[PDB]
Amino acid sequence: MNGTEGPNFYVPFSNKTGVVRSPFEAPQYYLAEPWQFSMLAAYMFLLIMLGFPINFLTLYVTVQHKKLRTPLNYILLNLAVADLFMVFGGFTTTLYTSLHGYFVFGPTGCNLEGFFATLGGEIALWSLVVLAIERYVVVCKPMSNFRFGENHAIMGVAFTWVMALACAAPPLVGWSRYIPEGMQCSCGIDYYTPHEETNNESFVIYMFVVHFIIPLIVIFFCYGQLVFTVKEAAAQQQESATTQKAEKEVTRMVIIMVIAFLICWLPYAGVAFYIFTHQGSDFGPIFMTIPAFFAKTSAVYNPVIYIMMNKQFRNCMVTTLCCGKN
Ligand SMILES: *[C@@H]1O[C@H](CO)[C@@H](O[C@@H]2O[C@H](CO)[C@@H](O[C@H]3O[C@H](CO)[C@@H](O)[C@H](O)[C@@H]3O)[C@H](O)[C@H]2NC(C)=O)[C@H](O)[C@H]1NC(C)=O
Ligand SMILES: *[C@@H]1O[C@H](CO)[C@@H](O[C@@H]2O[C@H](CO)[C@@H](O)[C@H](O)[C@H]2NC(C)=O)[C@H](O)[C@H]1NC(C)=O
Ligand SMILES: *C(=O)CCCCCCCCCCCCCCC
């Protein structure tokens, strides 16, 4: 055998030596080297730490500025909030886990870090489809009068929750489970086990396709049809060159966020396929670890593009820093 199964735990090491145990009680030092263990948490603090002032000042820069109620900011505040739920939830759990070498809260606690990480790079996936549709409707024109605003900008934000909850809570209870992974300091969704009690088989596909492949294809459909709408379609619409100066820069940031959304998410999710297809494979702890935690950097770089490459908004932020200058 390759690893070990349990009632709640899969650990990718054979009970060959007999030093392999449960991750809910024991520090899994039997897995690898402890300096790497704390190296994960040492890399972890540098995460949580920085996801605060870059997320927090973003929620406040919008409430402070009664001038930033645009359908660009509506979707791009939704991150500042959703990430802070992770730092004050998902990251809280992982830390305690990484520093000791196991999930102490355990059966109840895994169901937090595994959940928030699934209600983070999933609620932004339902935002980054609207972020390819907000750019699509005021560039190509599918109908006549296509203005967004406020009562339209809430309809794309309140939708990201309705689609993220459709696939983040069901594993917690009812249709799947939240389970530890890799070096067993991280958690998430099952890829290894049938566990035909909670019926994973159907949930896996309903998850992967409806919430990775389909949102991507209905981003690429809205993307490929926009290089085409820049050249031959938009020279007949006859919009001005003063209007498409910042409109030619914000697009060129918004679809850089799509890139980042794959930069680490493929090394993780695409490999989550590999694991899911091999189920008894000889893939140790290191396999899922680095991609899991790199995947976890998905709370911090989002504002770092939104602040930096969206200069449109980068002025309201500097107003808090000075607070009365020339
Ligand atoms: C992999 O190897 C483990 C080695 O520890 C092994 O744990 C063994 O588990 C048995 C049964 O759970 C324990 O039996 C002891 O506990 C019962 C409680 O009622 C009592 O009869 C005695 O205290 C008895 O010793 C053993 O303590 C334990 N074996 C050793 C060598 O101490 C598991 O089989 C495996 N665990 C996994 C799947 O990670
Ligand atoms: C358990 O681990 C073994 C050992 O690596 C894996 O064996 C695979 O199948 C045969 C051995 O009979 C080899 O020719 C392959 O190269 C192995 N595959 C891989 C991943 O390289 C196997 O993955 C595991 N056993 C099963 C069938 O689940
Ligand atoms: C500039 O850098 C920010 C302003 C610096 C002073 C902030 C004062 C905060 C006081 C908060 C009390 C008002 C809250 C009630 C809102 C209705």
# chains A, B, ... in the order shown; residues from 1 in each chain; ligands from 1

$ residues_around --residues "residue A:216" --least-positions-apart "6" --cutoff "10 Å" --atoms "only C-alpha atoms" --output "MDAnalysis selection string"
chainID A and resid 125 128:129 209:210 222 258 262

$ write_last_selection --atoms "N, CA and C atoms" --output "CSV table (one decimal), in the first residue's frame"
chain,number,residue,atom,x,y,z
A,125,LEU,N,-14.1,33.9,-8.2
A,125,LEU,CA,-14.3,33.2,-9.5
A,125,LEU,C,-15.7,33.6,-10.0
A,128,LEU,N,-15.0,37.4,-11.0
A,128,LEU,CA,-14.2,37.5,-12.2
A,128,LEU,C,-14.9,37.0,-13.5
A,129,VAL,N,-16.2,36.5,-13.3
A,129,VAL,CA,-17.0,36.3,-14.5
A,129,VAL,C,-17.8,37.6,-14.8
A,209,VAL,N,-16.4,20.9,-12.6
A,209,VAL,CA,-16.9,21.4,-13.9
A,209,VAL,C,-17.6,22.7,-13.7
A,210,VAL,N,-18.7,22.7,-12.8
A,210,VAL,CA,-19.6,23.8,-12.7
A,210,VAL,C,-18.9,25.0,-12.1
A,222,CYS,N,-16.1,35.2,-23.4
A,222,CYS,CA,-16.2,36.7,-23.3
A,222,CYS,C,-14.9,37.4,-23.5
A,258,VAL,N,-7.3,37.9,-14.0
A,258,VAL,CA,-7.7,36.6,-14.6
A,258,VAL,C,-6.4,35.7,-14.7
A,262,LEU,N,-5.1,32.1,-12.2
A,262,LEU,CA,-4.6,30.8,-12.7
A,262,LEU,C,-3.2,30.5,-12.4

$ residues_near_ligand --ligand "ligand 2" --cutoff "9 Å" --atoms "only C-alpha atoms and all ligand atoms" --output "list in words"
residues 1, 2, 3, 278, 279, 280, 281, 282 and 283 of chain A

$ write_last_selection --atoms "N, CA and C atoms" --output "PDB file, in the first residue's frame"
ATOM      1  N   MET A   1       0.805  -1.198   0.000  1.00  0.00           N
ATOM      2  CA  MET A   1       0.000   0.000   0.000  1.00  0.00           C
ATOM      3  C   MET A   1       0.837   1.247   0.000  1.00  0.00           C
ATOM      4  N   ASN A   2       0.194   2.324  -0.425  1.00  0.00           N
ATOM      5  CA  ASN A   2       0.847   3.591  -0.688  1.00  0.00           C
ATOM      6  C   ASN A   2       0.731   4.587   0.476  1.00  0.00           C
ATOM      7  N   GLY A   3      -0.479   4.723   1.014  1.00  0.00           N
ATOM      8  CA  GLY A   3      -0.727   5.581   2.169  1.00  0.00           C
ATOM      9  C   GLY A   3      -1.631   4.919   3.194  1.00  0.00           C
ATOM     10  N   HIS A 278      -5.852   9.230  -9.455  1.00  0.00           N
ATOM     11  CA  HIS A 278      -4.852   8.230  -9.064  1.00  0.00           C
ATOM     12  C   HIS A 278      -5.078   7.568  -7.683  1.00  0.00           C
ATOM     13  N   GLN A 279      -5.834   8.244  -6.816  1.00  0.00           N
ATOM     14  CA  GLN A 279      -6.485   7.681  -5.594  1.00  0.00           C
ATOM     15  C   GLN A 279      -5.777   6.666  -4.683  1.00  0.00           C
ATOM     16  N   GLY A 280      -4.680   6.084  -5.144  1.00  0.00           N
ATOM     17  CA  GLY A 280      -3.932   5.119  -4.348  1.00  0.00           C
ATOM     18  C   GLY A 280      -2.498   5.271  -4.773  1.00  0.00           C
ATOM     19  N   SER A 281      -2.201   6.468  -5.269  1.00  0.00           N
ATOM     20  CA  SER A 281      -0.945   6.791  -5.915  1.00  0.00           C
ATOM     21  C   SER A 281       0.124   7.101  -4.879  1.00  0.00           C
ATOM     22  N   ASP A 282       1.385   7.027  -5.305  1.00  0.00           N
ATOM     23  CA  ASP A 282       2.546   7.151  -4.417  1.00  0.00           C
ATOM     24  C   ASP A 282       3.032   8.597  -4.309  1.00  0.00           C
ATOM     25  N   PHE A 283       2.152   9.490  -3.874  1.00  0.00           N
ATOM     26  CA  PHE A 283       2.392  10.923  -4.038  1.00  0.00           C
ATOM     27  C   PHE A 283       2.785  11.713  -2.789  1.00  0.00           C
TER      28      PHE A 283
END

$ residues_around --residues "residue A:208" --least-positions-apart "6" --cutoff "9 Å" --atoms "only C-alpha atoms" --output "number ranges by chain"
A: 214, 269, 273

$ closest_atom_pairs --of "chain A" --to "ligand 3" --cutoff "10 Å" --atoms "only C-alpha atoms and all ligand atoms" --output "CSV"
residue,atom,partner,partner_atom_place_in_ligand_line,distance
A:60,CA,ligand 3,3 (C),9.7
A:61,CA,ligand 3,3 (C),9.6
A:64,CA,ligand 3,3 (C),8.0
A:317,CA,ligand 3,2 (O),9.4
A:318,CA,ligand 3,2 (O),8.9
A:319,CA,ligand 3,2 (O),6.7
A:320,CA,ligand 3,2 (O),3.6
A:321,CA,ligand 3,2 (O),5.6
A:322,CA,ligand 3,2 (O),6.5
A:323,CA,ligand 3,2 (O),4.5
A:324,CA,ligand 3,1 (C),8.1

$ residues_near_ligand --ligand "ligand 1" --cutoff "9 Å" --atoms "only C-alpha atoms and all ligand atoms" --output "ChimeraX atom specification"
/A:4-6,9,11,14-23

$ write_last_selection --atoms "N, CA and C atoms" --output "compact mmCIF listing (two decimals), in the first residue's frame"
# COMPACT_ATOMS: atom_id res chain seq x y z
N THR A 4 -2.48 5.72 3.83
CA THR A 4 -3.46 5.21 4.80
C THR A 4 -4.77 5.99 4.81
N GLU A 5 -5.88 5.25 4.85
CA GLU A 5 -7.21 5.83 4.94
C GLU A 5 -7.64 5.79 6.39
N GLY A 6 -8.70 6.53 6.70
CA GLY A 6 -9.36 6.49 8.01
C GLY A 6 -10.84 6.85 7.89
N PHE A 9 -9.74 10.77 7.93
CA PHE A 9 -8.40 11.19 7.53
C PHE A 9 -7.73 10.33 6.44
N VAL A 11 -3.95 10.04 4.95
CA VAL A 11 -2.57 10.45 5.10
C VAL A 11 -1.72 9.67 4.09
N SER A 14 2.40 5.18 4.26
CA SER A 14 2.00 3.84 4.70
C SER A 14 2.25 3.69 6.19
N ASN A 15 1.41 2.91 6.86
CA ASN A 15 1.68 2.58 8.26
C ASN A 15 2.76 1.49 8.34
N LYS A 16 3.66 1.53 7.35
CA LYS A 16 4.78 0.60 7.21
C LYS A 16 5.68 0.54 8.45
N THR A 17 6.06 1.72 8.96
CA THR A 17 6.88 1.84 10.18
C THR A 17 6.04 1.70 11.45
N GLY A 18 4.80 2.19 11.37
CA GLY A 18 3.88 2.18 12.49
C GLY A 18 3.90 3.49 13.25
N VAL A 19 4.60 4.48 12.71
CA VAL A 19 4.71 5.80 13.34
C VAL A 19 3.68 6.77 12.73
N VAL A 20 2.97 6.28 11.72
CA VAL A 20 1.89 7.04 11.12
C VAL A 20 0.66 6.90 11.99
N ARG A 21 0.08 8.05 12.34
CA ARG A 21 -1.10 8.11 13.21
C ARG A 21 -2.16 9.07 12.65
N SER A 22 -3.01 9.58 13.54
CA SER A 22 -4.10 10.49 13.17
C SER A 22 -3.69 11.96 13.31
N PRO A 23 -4.10 12.80 12.36
CA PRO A 23 -3.72 14.21 12.37
C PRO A 23 -4.53 15.08 13.32

$ select_by_dssp --residues "stretch 32-264 of chain A" --states "alpha helix (DSSP H)" --output "JSON, numbers by chain"
{"A": [34, 35, 36, 37, 38, 39, 40, 41, 42, 43, 44, 45, 46, 47, 48, 49, 50, 53, 54, 55, 56, 57, 58, 59, 60, 61, 62, 63, 64, 71, 72, 73, 74, 75, 76, 77, 78, 79, 80, 81, 82, 83, 84, 85, 86, 87, 90, 91, 92, 93, 94, 95, 96, 97, 98, 99, 100, 110, 111, 112, 113, 114, 115, 116, 134, 135, 136, 137, 158, 159, 160, 161, 162, 163, 164, 165, 166, 167, 168, 169, 170, 171, 172, 200, 201, 202, 203, 204, 205, 206, 207, 208, 214, 215, 216, 217, 218, 219, 220, 221, 222, 223, 224, 225, 226, 227, 228, 229, 230, 231, 234, 235, 236, 237, 251, 252, 253, 254, 257, 258, 259, 260, 261, 262, 263]}

$ write_last_selection --atoms "C-alpha atoms" --output "CSV table (one decimal), in the first residue's frame"
chain,number,residue,atom,x,y,z
A,34,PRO,CA,10.4,20.1,11.3
A,35,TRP,CA,12.3,23.1,9.9
A,36,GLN,CA,10.1,22.9,6.9
A,37,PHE,CA,7.0,22.6,9.2
A,38,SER,CA,7.7,25.9,10.9
A,39,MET,CA,8.9,27.2,7.5
A,40,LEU,CA,5.3,26.8,6.4
A,41,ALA,CA,4.1,28.8,9.3
A,42,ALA,CA,7.0,31.3,8.9
A,43,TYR,CA,5.7,31.8,5.4
A,44,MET,CA,2.2,31.8,6.9
A,45,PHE,CA,2.5,34.7,9.2
A,46,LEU,CA,4.0,36.8,6.4
A,47,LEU,CA,0.7,35.9,4.6
A,48,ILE,CA,-1.9,36.8,7.2
A,49,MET,CA,0.0,39.8,8.4
A,50,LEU,CA,0.0,41.5,5.0
A,53,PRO,CA,-3.6,46.4,5.8
A,54,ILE,CA,-3.9,45.7,2.1
A,55,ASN,CA,-7.4,44.4,2.6
A,56,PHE,CA,-8.6,46.5,5.5
A,57,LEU,CA,-7.6,49.9,4.1
A,58,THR,CA,-9.5,49.0,0.9
A,59,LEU,CA,-12.9,48.5,2.7
A,60,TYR,CA,-12.3,51.8,4.5
A,61,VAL,CA,-11.1,53.7,1.4
A,62,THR,CA,-14.5,53.0,-0.2
A,63,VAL,CA,-16.6,53.9,2.9
A,64,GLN,CA,-14.4,57.1,3.4
A,71,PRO,CA,-19.7,49.0,-10.7
A,72,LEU,CA,-15.9,48.6,-10.9
A,73,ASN,CA,-15.5,49.3,-7.2
A,74,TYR,CA,-18.7,47.3,-6.2
A,75,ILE,CA,-17.1,44.0,-7.6
A,76,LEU,CA,-13.6,45.1,-6.3
A,77,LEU,CA,-14.7,45.9,-2.8
A,78,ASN,CA,-16.3,42.4,-2.6
A,79,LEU,CA,-12.7,41.0,-2.4
A,80,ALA,CA,-11.6,43.4,0.4
A,81,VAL,CA,-14.5,42.0,2.5
A,82,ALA,CA,-14.3,38.3,1.4
A,83,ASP,CA,-10.6,38.1,2.0
A,84,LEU,CA,-10.8,39.5,5.5
A,85,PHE,CA,-13.3,36.7,6.3
A,86,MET,CA,-10.4,34.4,5.4
A,87,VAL,CA,-7.7,36.1,7.4
A,90,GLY,CA,-9.3,30.5,7.3
A,91,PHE,CA,-5.8,31.7,8.3
A,92,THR,CA,-6.6,31.6,12.0
A,93,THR,CA,-7.1,27.8,11.8
A,94,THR,CA,-4.1,27.0,9.6
A,95,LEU,CA,-1.6,28.8,11.9
A,96,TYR,CA,-2.3,26.8,15.0
A,97,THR,CA,-2.0,23.7,12.8
A,98,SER,CA,1.3,24.6,11.2
A,99,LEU,CA,3.2,25.6,14.3
A,100,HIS,CA,2.4,22.3,16.2
A,110,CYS,CA,-10.7,21.5,9.6
A,111,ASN,CA,-14.2,22.4,8.6
A,112,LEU,CA,-13.1,26.0,8.9
A,113,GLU,CA,-9.8,26.5,7.0
A,114,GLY,CA,-11.0,24.0,4.3
A,115,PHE,CA,-14.3,26.1,4.0
A,116,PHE,CA,-13.0,29.6,3.9
A,134,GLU,CA,-18.9,44.4,-17.1
A,135,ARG,CA,-16.1,44.9,-19.6
A,136,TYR,CA,-18.1,43.0,-22.3
A,137,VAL,CA,-21.4,45.0,-22.1
A,158,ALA,CA,-25.0,39.4,-4.3
A,159,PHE,CA,-24.7,36.7,-7.1
A,160,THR,CA,-21.1,35.8,-6.1
A,161,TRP,CA,-22.4,34.6,-2.7
A,162,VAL,CA,-25.4,32.7,-4.3
A,163,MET,CA,-22.9,30.7,-6.5
A,164,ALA,CA,-20.1,30.3,-3.9
A,165,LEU,CA,-22.6,29.0,-1.2
A,166,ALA,CA,-23.9,26.6,-3.9
A,167,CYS,CA,-20.5,24.9,-3.7
A,168,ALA,CA,-18.7,25.8,-0.4
A,169,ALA,CA,-21.3,24.8,2.2
A,170,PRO,CA,-22.5,21.5,0.7
A,171,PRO,CA,-19.1,19.8,1.3
A,172,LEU,CA,-19.1,20.9,4.9
A,200,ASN,CA,-18.5,12.3,-3.0
A,201,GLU,CA,-18.5,11.0,-6.6
A,202,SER,CA,-21.3,13.3,-7.8
A,203,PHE,CA,-20.1,16.3,-5.7
A,204,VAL,CA,-16.5,16.1,-7.2
A,205,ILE,CA,-17.8,16.6,-10.8
A,206,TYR,CA,-20.5,19.1,-9.8
A,207,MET,CA,-17.6,21.0,-8.1
A,208,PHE,CA,-14.8,20.7,-10.7
A,214,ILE,CA,-17.4,26.2,-16.9
A,215,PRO,CA,-16.7,29.6,-15.2
A,216,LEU,CA,-13.4,29.6,-17.2
A,217,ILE,CA,-14.9,28.7,-20.6
A,218,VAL,CA,-17.6,31.4,-20.0
A,219,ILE,CA,-14.6,33.8,-19.4
A,220,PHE,CA,-12.8,32.7,-22.5
A,221,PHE,CA,-15.9,33.1,-24.6
A,222,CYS,CA,-16.2,36.7,-23.3
A,223,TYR,CA,-12.4,37.1,-23.8
A,224,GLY,CA,-11.8,35.8,-27.4
A,225,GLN,CA,-14.7,37.9,-28.6
A,226,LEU,CA,-13.0,41.1,-27.3
A,227,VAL,CA,-9.7,41.2,-29.2
A,228,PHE,CA,-12.0,41.0,-32.2
A,229,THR,CA,-14.2,43.8,-30.8
A,230,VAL,CA,-11.1,46.1,-30.5
A,231,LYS,CA,-10.0,46.0,-34.1
A,234,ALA,CA,-15.0,49.4,-32.5
A,235,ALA,CA,-13.8,51.6,-35.4
A,236,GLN,CA,-17.4,51.7,-36.6
A,237,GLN,CA,-19.0,52.3,-33.1
A,251,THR,CA,-9.2,46.5,-19.0
A,252,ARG,CA,-5.5,45.8,-19.2
A,253,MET,CA,-5.5,45.3,-15.4
A,254,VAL,CA,-8.8,43.5,-14.9
A,257,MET,CA,-6.3,39.4,-12.5
A,258,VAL,CA,-7.7,36.6,-14.6
A,259,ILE,CA,-4.1,35.5,-15.1
A,260,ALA,CA,-3.2,35.6,-11.4
A,261,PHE,CA,-6.4,33.6,-10.8
A,262,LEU,CA,-4.6,30.8,-12.7
A,263,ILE,CA,-1.0,31.5,-11.7

$ decode --residues "stretch 125-147 of chain A" --atoms "N, CA, C and O atoms" --output "compact mmCIF listing (two decimals), in the first residue's frame"
# COMPACT_ATOMS: atom_id res chain seq x y z
N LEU A 125 -14.11 33.88 -8.20
CA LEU A 125 -14.35 33.24 -9.49
C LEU A 125 -15.71 33.63 -10.04
O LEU A 125 -15.87 33.73 -11.25
N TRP A 126 -16.68 33.85 -9.15
CA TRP A 126 -18.02 34.34 -9.54
C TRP A 126 -18.06 35.86 -9.66
O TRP A 126 -19.02 36.42 -10.20
N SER A 127 -17.02 36.52 -9.15
CA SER A 127 -16.81 37.95 -9.37
C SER A 127 -16.05 38.20 -10.68
O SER A 127 -16.39 39.13 -11.43
N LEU A 128 -15.04 37.37 -10.95
CA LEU A 128 -14.22 37.49 -12.18
C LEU A 128 -14.90 36.96 -13.45
O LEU A 128 -14.27 36.94 -14.51
N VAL A 129 -16.15 36.53 -13.34
CA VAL A 129 -16.99 36.29 -14.52
C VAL A 129 -17.81 37.55 -14.80
O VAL A 129 -18.02 37.92 -15.96
N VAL A 130 -18.26 38.21 -13.72
CA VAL A 130 -18.93 39.51 -13.81
C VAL A 130 -17.93 40.59 -14.25
O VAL A 130 -18.30 41.54 -14.95
N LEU A 131 -16.66 40.44 -13.86
CA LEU A 131 -15.59 41.37 -14.26
C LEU A 131 -15.16 41.22 -15.74
O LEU A 131 -14.49 42.09 -16.31
N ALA A 132 -15.56 40.10 -16.36
CA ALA A 132 -15.38 39.91 -17.79
C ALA A 132 -16.68 40.24 -18.54
O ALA A 132 -16.68 40.31 -19.77
N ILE A 133 -17.77 40.42 -17.79
CA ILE A 133 -19.09 40.77 -18.35
C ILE A 133 -19.39 42.28 -18.27
O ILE A 133 -20.13 42.82 -19.09
N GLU A 134 -18.81 42.95 -17.27
CA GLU A 134 -18.91 44.40 -17.10
C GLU A 134 -18.06 45.10 -18.15
O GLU A 134 -18.35 46.23 -18.56
N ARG A 135 -17.00 44.42 -18.56
CA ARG A 135 -16.09 44.89 -19.61
C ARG A 135 -16.63 44.55 -21.01
O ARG A 135 -16.23 45.14 -22.01
N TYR A 136 -17.56 43.59 -21.05
CA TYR A 136 -18.11 43.01 -22.28
C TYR A 136 -19.30 43.82 -22.82
O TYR A 136 -19.45 43.97 -24.04
N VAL A 137 -20.11 44.34 -21.89
CA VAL A 137 -21.38 45.05 -22.13
C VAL A 137 -21.23 46.54 -22.50
O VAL A 137 -22.10 47.12 -23.17
N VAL A 138 -20.14 47.16 -22.03
CA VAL A 138 -19.80 48.54 -22.38
C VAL A 138 -18.58 48.60 -23.33
O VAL A 138 -17.78 49.54 -23.30
N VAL A 139 -18.46 47.57 -24.18
CA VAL A 139 -17.44 47.49 -25.23
C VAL A 139 -18.02 46.93 -26.55
O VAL A 139 -17.67 47.40 -27.64
N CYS A 140 -18.93 45.95 -26.45
CA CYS A 140 -19.50 45.29 -27.63
C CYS A 140 -20.98 45.61 -27.91
O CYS A 140 -21.41 45.55 -29.06
N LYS A 141 -21.73 45.94 -26.86
CA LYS A 141 -23.19 46.19 -26.92
C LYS A 141 -24.02 45.00 -27.46
O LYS A 141 -24.20 44.86 -28.67
N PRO A 142 -24.51 44.13 -26.55
CA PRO A 142 -25.44 43.05 -26.90
C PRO A 142 -26.88 43.51 -27.17
O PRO A 142 -27.61 42.87 -27.94
N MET A 143 -27.29 44.61 -26.52
CA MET A 143 -28.61 45.25 -26.72
C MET A 143 -28.49 46.78 -26.87
O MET A 143 -27.40 47.32 -27.11
N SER A 144 -29.63 47.47 -26.71
CA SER A 144 -29.75 48.92 -26.87
C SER A 144 -29.05 49.71 -25.74
O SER A 144 -27.84 49.99 -25.81
N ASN A 145 -29.83 50.06 -24.71
CA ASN A 145 -29.41 50.91 -23.58
C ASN A 145 -28.83 50.07 -22.42
O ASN A 145 -29.57 49.62 -21.52
N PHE A 146 -27.50 49.85 -22.43
CA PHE A 146 -26.84 48.97 -21.45
C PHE A 146 -26.01 49.64 -20.35
O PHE A 146 -24.78 49.45 -20.25
N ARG A 147 -26.71 50.41 -19.51
CA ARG A 147 -26.12 51.07 -18.35
C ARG A 147 -26.25 50.18 -17.10
O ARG A 147 -27.29 49.53 -16.89
